[PDB]
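This document starts with one chain, in the form deposited in one PDB entry, laid out as structure tokens.
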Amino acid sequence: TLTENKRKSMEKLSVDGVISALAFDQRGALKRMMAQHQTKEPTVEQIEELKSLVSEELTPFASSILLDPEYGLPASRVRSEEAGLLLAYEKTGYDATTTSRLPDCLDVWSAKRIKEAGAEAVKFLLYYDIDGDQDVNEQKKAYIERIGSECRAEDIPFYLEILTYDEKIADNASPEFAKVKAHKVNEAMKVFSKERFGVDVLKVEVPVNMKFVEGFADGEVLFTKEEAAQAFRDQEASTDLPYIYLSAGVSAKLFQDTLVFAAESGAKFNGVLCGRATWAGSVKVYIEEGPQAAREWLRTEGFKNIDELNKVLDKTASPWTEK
């Protein structure tokens, strides 16, 4: 169930069947991060520059890098020759006044254009509430079907990122949401693992908020280590596709411990698409110090970060070739 060219592209995005990909398609989120030191709005040059510094210096240690076509094409051209390229296809964000969080592709892009821009994968982010409005989810399923069809035609892997939410729960970090997160994550993965959607890799959240798991929690506890472990097994059971974890609302150190726990519990996850934590500090150094200092930062603290992550992946991730 993988064409010759999709297989070749998958291999360019991984090392020995493990995806160790660097996520840096942030647009508005990165922009705000940037305005936290300088005065005056951040220029398009700064957005594209730091993306090129991070890409040039850290992709030698990542199997691939996820970039956005709007700001990231220059960064994409200075990436390491041994690192694949994924390009984001979705517009960022969502309308906070509505609960539908409907998906929308970038206006002047298509899967064909993403492939022409050098990408080895189309990445699209979908917000999904399995329990939400039935017609909203019908429109969302139709939308992904189109993108899956596009990616089949262009013979390019389709990486579908799913971020769960609840139309009623405002705060995804609340204990209230944590009680349903396993239901949201795993049922969404079941939906979009159906063949009609054409997905090659699922980029998903871990099916639990570890900050409420015993031994990992700084405060209130809602789950035993055994209840959390079963969520990871339920997740493994929810899809036969390769899937990789994103890092959300946790520290670098907790994310790594989570990878250990995930593997311990029996999850056969196939890697990560992690970003902010690795190139975090470079954002402040870049605005304040000279870009030559952000370089040395990336060559030292930057390398240390992604290297320690790689050492953990080597003992937790499973190769997607097993599937």
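Take the two forms, find the largest set of C-alpha atoms that superpose within 1.5 Å, and that set is the rigid core. In this text, residue numbers run from 1 along the sequence as written.
Practice item. Can you let me know which of the two, 116 to 124 or 92 to 100, has the higher average C-alpha B-factor in the entry? Key: Looking at the record's C-alpha B-factors, the answer is 92 to 100.
Review point. Of 26 to 34 and 54 to 62, which one has the bigger average CA B-factor?
Key: Looking at the record's C-alpha B-factors, the answer is 26 to 34.
Exercise for review: Determine which member of 254, 272, 293, 67 has the highest CA B-factor, using the values in the deposited entry.
Suggested key: Spelled out: the listed residue with the top C-alpha B-factor is 293.
Exercise for review: Name the residue from 132, 148, 249, 207 with the greatest C-alpha temperature factor listed in the entry.
Suggested key: Among 132, 148, 249, 207, the PDB entry lists the largest C-alpha B-factor for 249.
Exercise for review: Select lowest, middle or highest to describe the third in which the CA B-factor of residue 8 falls within its chain in this entry.
Suggested key: Within its chain, residue 8 is a middle-third residue by C-alpha B-factor, going by the deposited values.
**Study point:** Ranked against its chain, the third holding the CA B-factor of residue 174
**Key:** Its C-alpha B-factor belongs to the highest third of this chain's values.
Review point. Among the chain's modelled residues, which third holds the C-alpha B-factor of residue 189?
Key: It belongs to the lowest third of the chain when residues are ordered by C-alpha B-factor.
Review point. What third of the chain, by the recorded C-alpha B-factor, contains residue 232?
Key: Its C-alpha B-factor belongs to the middle third of this chain's values.
Check your understanding: Among the modelled residues of its chain, does the C-alpha B-factor of residue 218 lie in the lowest, middle or highest third?
Key -> Highest third - that is where residue 218 ends up once the chain's C-alpha B-factors are sorted.
Same protein, other form: the form deposited in another entry, not shown, and the subject of what follows.
Practice item. Indicate whether residue 33 shows a C-alpha shift of 2 Å or more between the shown form and the other one, with the rigid core used for the fit. Key: Yes: residue 33 shifts by at least 2 Å between the shown form and the other one.
Review point. Fitting the rigid core first, would the Cα of residue 288 be found 2 Å or more away between the shown form and the other one?
Key: Comparing forms between the shown form and the other one, the residue 288 CA shifts at least 2 Å.
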